[PDB]
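> Okay, structure incoming, though there's no sequence with it:
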């Protein structure tokens, strides 16, 4: 039975990176917001 | 795929960008490269940032010849090889702007 | 400006709004993300076989194995 | 992707295009044409009424109505024809498919937002909608997070203070001088040299004379004496009819009413003096960065020499310990639309939309409740 | 070996660093800021509320709270942010790694130590703690064991009499008039010369004017006559908005009220009479050594000319056949911290700490058992 | 409109141009490699 094999899924981690509001998305969103900086980027990360 | 383009213009402590640039800078003594007005490998802003121009145990001056040999084995003409080196010298001089 | 150059190679370099317009605008991360999607769509169309190569010591010594 | 449209109702001009573009696809006058004579031929394939570039082209046959005046939409069936032309004819994209962002002057009447909303959700069936203050978009475009934004269109003029992205609502100034009342003044000064313009169909010529010839004096009475003494300043313009008009000091009197609104009989202070009074209404610890960050925005700021006139005549009102700076970019005629093209592309913004599904639950009272 | 932290929570400023340093790592105003204005930009990466130099830098957006008044913590949800910032951000040290030495003004409420103890062991997880009266460290810093110590800061001022490391608990006088009430009183006089300060975001200017401009009168009552004659008594200073202020008879009328508290409708006498009455409560064997070892301490004592006024007005009330010396060293803002830096570094001190095991066994009341 | 730019933008632009020239040159060398390696026969399948 397939129910015995538990599937470990790193999709939650990939979603943390590539999806909307992900660490890359907020980086691009920070690159075009006026006067964005590594510090405020980090703040967005914590907030989110 | 996935070429690390950012390395071309930025290097952390004791890193280097792509080897071809140091091969070229090491070749600044060769007659055909006189016109490229090359300096030493720390004279260029895109190569001096790492503070490690020489890899101990590696002759960039000879890797240049192995590179020219490989190009020629693939039939890239000497004209194209000089074009490549003209462009790379361009990138180096551009960084000094 | 560069496309007008003196020797054949420089005009040759750019050869194949529209995609190439936005392409100049795309950030490195977005380019990477896309390049990775292309790689993934390439590999997902295919059957993988995997190999791992490991370095046993930092001094290039034959047949010596540093556990650390 | 279904990207949002950015559709700057403004007044007098619509600027429209897709978020992420650096300039709008569509730039046309927000103007409604009806024919004023009885149409004479039979079997012609006649059309009832004309919008935008048609109404500019055919104007000698037409009545021109602006449905938008002083940032208030005043005729909803006409405004609905302009949106209908915008989506279906000018962008040629179906509004049920994509979100739209719309722009508004600050401090506006409440029902202006609500009819804008109901018309978007029922008639156009827009899947998602938003309204954003015109001046706030300008900072995203001018690359700053602290500024005071002098935003002045055809319809209306306003100043909005922003310090590090908190807008300061008590200090937002709005004024009814704008590109249209400079134009209607340009008629009552053109009358001095005998030239005449009295009809809706020729008002758009005065509006184009205004654009090419006009400029701002750094100090008014010495240039007023200069061009009253020397003809060296005068220039000539060909009307459509092939007639030449010629203009001297008069081409710098029309922008001067922005700095001296007594010339059109208003009490209120106009653009340098309201910019300074808006800065003074913020509390003291931020005022220096406002004096550093004045941003010009919208088409009524395009006059040659107005950047230097603001920098000079604010330096007369500010303390001499300052540095006073005007940021006057050449792109500025579009900076409110460029600003919305940045805003509607921010990922953090995507949570913000009023969706139709939320409006279908809450009714048209939603706008003030979730939106900006 | 792991050094303990020395952390003079004080009032108005937080002072912190490691035992064995010669100056603090961290000196910042003890302030928590909240935004009052409307959040309008979107995606700005806004932060709910601010600690220390961030709240000072951005103060024009904010309402400013001090969580401490009169050496009492009055908001624990605010106060915890200041310690959090102190350890993790500003010192960059985990409080869980090593013991902590903390400071308090004498006579303050019994619950204040119970709440601190509970917070340090439970919430911050410090391995061990001790609390020391600010004035005692001023002796260790001034290299002395017999004194009367006036530590006079923001928030509170107090006298503690000590003979060779033996404290005199019957003879402790405390007065809550302090550098913050010179700041609020400087507002209540500045209003006469027409300049204005009513808001927390500009109160921090009043606090900065005091620091640069002020001096201590040798006598108020001739200087009160002087300011009808002299413009040499006035000075001028540049506000952040670029205005120049000029100030006269204030510069002896407000900052001097630590020497004359009758001005604000309270019964009590100034720092001079509480210093002398603290000696009058002291035992008669010792009075020549106390009058010789007055130690001045804390940032509110930093004025040029404080020594000679203290020397004068204690000599005027004490018999002139006794001898008066006021010890006011150039370090005097930091001595309360400097004393904690040497004291916590002595091997002889290492026995004193309240360890977490003792609190987890006894409950929060244990400070009253093992401290003074 | 021709608009002037900040030194930061000028340095970012210069560096973006160099990164782009390099990425194109790389792709051109790879195209010469591909031309030296290619054959006219229709590829039925491959192993990557």
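Arrived safely. Numbers count the residues shown, from 1 in each chain, chains lettered A, B, ... in the order given.
> who's in contact with the closest residue to chain E within chain B?
Nearest residue of chain B to chain E, counting by CB to the nearest CB: residue B:13, 22.0 Å away. Placement of C-beta: from N, CA and C, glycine included. Residue B:13 makes contact with B:50, B:51, according to CB atoms under 8 Å, 6 or more residues apart in numbering or on different chains.
> From residue D:190, how far off is it?
70 Å (CB to CB, to the nearest Å).
> And for residue C:51?
From residue C:51 to residue D:190 the distance is 83 Å (CB to CB).
> between those two, which one's more packed in?
For residue C:51 and residue D:190, the more surrounded residue by other CB atoms under 10 Å in any protein chain shown is residue D:190, and the numbers stand at 19 against 4.
> Shouldn't the more buried one be within a helix?
Yes. Counting by DSSP: H, G, I helix; E, B strand; the rest coil, residue D:190 falls inside a helix.
> May I have the residues that are in contact with it?
Counted by CB under 8 Å, 6+ apart, residue D:190 has contacts D:196, D:197, D:206, D:209, D:245, D:247, D:250.
> likewise residue D:123?
residue D:80.
> residue contacts, the residue nearest to the spatial centre of chain F?
Central residue of chain F (CA atoms, centre = their mean): residue F:24, 2.0 Å from the mean position. The neighbourhood of residue F:24, defined by CB under 8 Å, 6+ apart, consists of C:13, C:14.
> Apply 6 Å and report the result again.
residue C:13 (CB atoms under 6 Å, 6 or more residues apart in numbering or on different chains).
> packing partners for the helix or strand hosting residue D:339?
Using DSSP states H and E, residue D:339 sits in helix D:335-343. Under the contact criterion of 3 or more CB pairs under 6 Å, 6 or more residues apart in numbering or on different chains; DSSP states H and E, helix D:335-343 touches strand D:5-8, helix D:134-142.
> try 8 Å
The contact analysis (3 or more CB pairs under 8 Å, 6 or more residues apart in numbering or on different chains; DSSP states H and E) places helix D:335-343 against strand D:5-8, strand D:13-18, strand D:100-104, helix D:134-142, strand D:294-297.
> Nearest to chain C, out of the contacts of residue D:190: which one, please.
residue D:209 (34.6 Å).
> now that closest one, nearest residue through space, not along the chain?
Among residues not flanking residue D:209 along the chain, residue D:237 sits closest, at 5.8 Å (CB to CB, 6 or more residues apart in numbering or on different chains).
> From residue E:98, how far out is residue C:28?
43 Å.
> Neighbours of residue 9, how many?
This is for chain A. Neighbour tally, residue A:9, other CB under 10 Å: 8.
> You answered for a different chain; I wanted chain C.
Residue C:9 has 17 neighbours, counted by other CB under 10 Å.
> Can you get me a residue count around the nearest residue to it once chain neighbours are set aside?
Spatially, and ignoring its direct neighbours in sequence, residue C:9 is nearest to residue B:83 (3.5 Å; CB to CB, 6+ apart). Residue B:83 is flanked by 20 other residues according to other CB under 10 Å.
> Kindly report the same for residue D:143.
For residue D:143, using other CB under 10 Å, the count is 17.
> do the same with the one 10 residues further on
Residue crowding around residue D:153 was assessed by other CB under 10 Å; the count is 28.
> show me what contacts the residue nearest in space to the middle of chain A?
When CA atoms, centre = their mean is applied to chain A, the residue found nearest the centroid is residue A:22 (2.3 Å). By CB under 8 Å, 6+ apart, residue A:22 lies in contact with A:15, A:16.
> how near is it to chain E?
15 Å (CB to the nearest CB, to the nearest Å).
> separation between the residue of the stretch 51-200 of chain D found nearest chain F and chain E?
Going by CB to the nearest CB, chain F is nearest to residue D:143 of the stretch 51-200 of chain D, at 8.7 Å. Noted for residue D:143: a distance of 13 Å to chain E, by CB to the nearest CB.
> what does residue D:91 give?
24 Å.
> tell me which parts of chain F are close to chain B?
Residues of chain F lying near chain B by CB under 8 Å from any CB of the partner chain: F:14-15, F:17-19, F:21-23, F:25-26, F:29, F:32-33, F:36.
> swap that for chain C, sorry
Counting by CB under 8 Å from any CB, the residues of chain C near chain B are C:7, C:8, C:9, C:10, C:13, C:28, C:31, C:32, C:35, C:36, C:38, C:39.
> Residue E:78: which of these is nearest?
residue C:28 (42.1 Å; CB to CB).
> Tell me how many other residues crowd that closest one.
Residue C:28 has 15 nearby residues by other CB under 10 Å.
> That one is in contact with residue B:5, isn't it?
Yes. With contacts counted by CB atoms under 8 Å, residue C:28 reaches residue B:5, the gap being 6.3 Å.
> rewinding a little: check which helix or strand covers the residue of chain B closest to chain E.
Counting by DSSP H and E, no helix or strand carries residue B:13.
> which SS class is residue D:34?
Criterion first, three-state DSSP; result for residue D:34: strand.
> now do the one 10 residues further on
Classification of residue D:44 by three-state DSSP places it in coil.
> List phi and psi for it.
The phi and psi values for residue D:44, taken as degrees, to the nearest 10, are phi -70, psi -20.
> and the gap between it and residue E:265?
92 Å.
> Kindly report the same for residue D:281.
35 Å.
> surely residue D:193 meets residue D:244?
No. At 11.8 Å, residue D:193 does not count as touching residue D:244 under the criterion of CB under 8 Å.
> Among the two, which residue is more densely surrounded?
Higher neighbour count among residue D:193 and residue D:244: residue D:193, with 12 against 8, using other CB under 10 Å.
> rewinding a little: need the contact partners of the helix or strand harbouring the residue nearest to residue D:209.
Using DSSP H and E, residue D:237 sits in strand D:235-238. With CB under 8 Å, 6+ apart as the test, strand D:235-238 has contacts from D:209, D:212, D:213, D:244, D:245, D:246, D:247, D:251.
> on contacts alone, who are the packing partners of whichever helix or strand the second one is part of?
So that's residue D:212. Secondary structure assignment for residue D:212, by DSSP H and E: helix D:200-213. With contacts taken as 3+ CB pairs under 8 Å, 6+ apart, helix D:200-213 sits against strand D:62-65, helix D:179-190, strand D:235-238, strand D:244-247.
> Adding distance to residue D:35 as columns, could you present those in CSV?
Output for those, formatted as CSV (distance: least, CB to CB, whole Å):
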stretch, distance to residue D:35
strand D:62-65, 6
helix D:179-190, 23
strand D:235-238, 27
strand D:244-247, 28
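> and of these, who's closest to residue E:258?
Of all these, it is helix D:179-190 that lies closest to residue E:258, at 61.3 Å by CB to CB.
> which residues touch the closest residue to residue B:27 other than its chain neighbours?
Spatial nearest neighbour of residue B:27, chain neighbours left out: residue B:64 (4.9 Å); criterion: CB to CB, 6+ apart. Residues counted as contacts of residue B:64 (CB under 8 Å, 6+ apart) are B:23, B:24, B:26, B:27.
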